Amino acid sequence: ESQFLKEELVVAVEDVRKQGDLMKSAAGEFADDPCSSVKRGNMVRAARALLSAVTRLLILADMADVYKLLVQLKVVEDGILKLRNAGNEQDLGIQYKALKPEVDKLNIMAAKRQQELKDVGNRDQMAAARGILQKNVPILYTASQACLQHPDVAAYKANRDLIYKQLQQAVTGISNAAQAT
């Protein structure tokens, strides 16, 4: 986690609040005296400063969201690899327990963004990626489990790592789409 962005985000809201005031008054003085040269330009320069403040806010707010998502992402990432490298059906069962929820949270956040991404293509990648992720997390479990029981069947290891590979890919796919709009 990193709340430096949540802190920055509030400060941003202040400038938007201050500028918003200066805008309100300049706007008022203009409405009462609309044929006024001076009063008008003051309203324009106000509107400009209000615009900068507002875009700086919207952009920053978007980072905050994407970032938040990416952190849940790196969590699930390391989980998948820790699940693969499990050496006992002990730690393996331990991990899967710790990871399942972390996969669910990531799934939720993922869904949300999916909604906000504008172009539908990206929205599809998100959906698809979240699907594979959803389906294989369990399968990777049963797969890397088998390898632990039949240590000499190279065929199982190959299978497991293929599932892991695809799973990791879905994770990045989610990350990739998440930064679309």
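Counting begins at 1, following the sequence as shown.
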Which has higher Cα B-factors on average according to the PDB entry: 46-54 or 149-157?
149-157
Comparing mean C-alpha B factor in the record for 116-124 and 26-34, the higher one is 116-124
Which is it among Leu83, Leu73, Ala110, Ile94: the one with the largest CA B-factor in the entry?
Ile94
Once the chain's modelled residues are ordered by C-alpha B factor and cut into thirds, is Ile132 in the lowest, middle or highest one?
middle
Using the B-factor values recorded in the entry, state whether the Cα atom of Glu102 falls in the lowest, middle or highest third among the modelled residues of its chain.
highest
For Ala177, the third of its chain into which the C-alpha B factor falls
lowest
Among all modelled residues of this chain, ranked by Cα B factor, put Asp78 in the bottom, middle or top third, i.e. lowest, middle or highest.
middle
